[PDB]
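Asks: an experimental structure, sequence included, is below.
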Amino acid sequence: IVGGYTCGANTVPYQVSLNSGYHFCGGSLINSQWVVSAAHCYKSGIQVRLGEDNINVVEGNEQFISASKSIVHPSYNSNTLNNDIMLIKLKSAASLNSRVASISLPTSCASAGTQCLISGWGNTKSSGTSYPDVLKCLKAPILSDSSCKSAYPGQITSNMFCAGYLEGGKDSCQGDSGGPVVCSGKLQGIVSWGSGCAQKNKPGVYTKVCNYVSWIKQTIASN
Ligand SMILES: [NH3+]CCc1ccccc1
Ligand SMILES: [Ca+2]
């Protein structure tokens, strides 16, 4: 997260860290046995880490649970990042509590200008590299679909939206991939891609979760 702030421990209780020996992506807890992330985060050997603040220190609220199954969206296209969403089932149910909680799925899509909370353990620099140990947060509005498409001609589909600031300085970045965009209490986006981080006229692009709610709910119920 560039241009953001320290969330404070367990203030984002649905935020998960995906770990394969190291943090590599975020995700969101949507019920006690299922996490939503980005399809471009797919890999074998995933451990889900819930209740994290400092990912390098055991602080007392963590739950580490191996993934039993990953389900990349049937139509994921890794070239274009269309349909950049993946479900991860936990080998055992998370113990839900204050510091570990699910986030609701949308009931409908969110509107341009809606303010959202984006969070992660990604790079905090727009030039260079600095990875935080504690969770970072950013408040950012959903941008109009026309400014998004103008920013990235030929690359935005109906399954994507942009959020952030056209002036730059505030954005998601490397290592934030897969994590949540929460607006009005609902998971409306997943950190997906962009052109660099926090650059002018290059806002973050996010998977548009409201298009996937029927797939998510059907998939979970059948798995
Ligand atoms: N705003 C761009 C976020 C991002 C950065 C690098 C890889 C994936 C996603
Ligand atoms: Ca920790």
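Replies: Thanks, I have it. Numbers count the residues shown, from 1 in each chain. Ligands and ions are numbered 1, 2, ... in the order given.
Asks: closest to the centroid, which residue in this protein?
Replies: residue 179 (1.6 Å; C-alpha atoms, centre = their mean).
Asks: now that residue: closest residue in space that isn't a chain neighbour?
Replies: residue 26 (2.5 Å; C-beta to C-beta, 6 or more residues apart in numbering). Where you see a C-beta, it was placed from the backbone N, CA and C, and this is true even at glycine.
Asks: residue 223: neighbour count?
Replies: Neighbourhood size, residue 223 [other C-beta atoms under 10 Å]: 12.
Asks: and if you look at residue 27?
Replies: Neighbours of residue 27 using other C-beta under 10 Å come to 31.
Asks: does any bit of the strand or helix carrying it sit next to ligand 1?
Replies: Assigned by DSSP states H and E, residue 27 belongs to strand 23-31. No: counting by C-beta under 6 Å from any ligand atom, ligand 1 has no neighbours in strand 23-31; the shortest distance is 8.9 Å.
Asks: and the longest helix for this structure?
Replies: Criterion DSSP state H: the longest helix present in the chain is helix 213-221.
Asks: pull out the buried positions in it.
Replies: 213, 215, 216, 219 (16 or more other C-beta atoms under 10 Å).
Asks: widest-spaced pair of these?
Replies: 213 and 219 (10.7 Å; C-beta to C-beta).
Asks: residues from this structure in reach of ligand 1?
Replies: So the chain meets ligand 1 at 171, 172, 173, 174, 176, 177, 191, 193, 194, 197, 204 (C-beta under 6 Å from any ligand atom).
Asks: and the residues you listed, which is closest to residue 121?
Replies: residue 176 (7.3 Å).
Asks: so which elements touch the longest helix of the chain?
Replies: Counting contacts by 3 or more C-beta pairs under 8 Å, 6 or more residues apart in numbering; DSSP states H and E, helix 213-221 packs against strand 23-31, strand 86-90.
Asks: orientation of that helix relative to strand 86-90 in degrees?
Replies: 30 degrees (axes from the mean of the first three to the mean of the last three C-alpha atoms, to 10 degrees).
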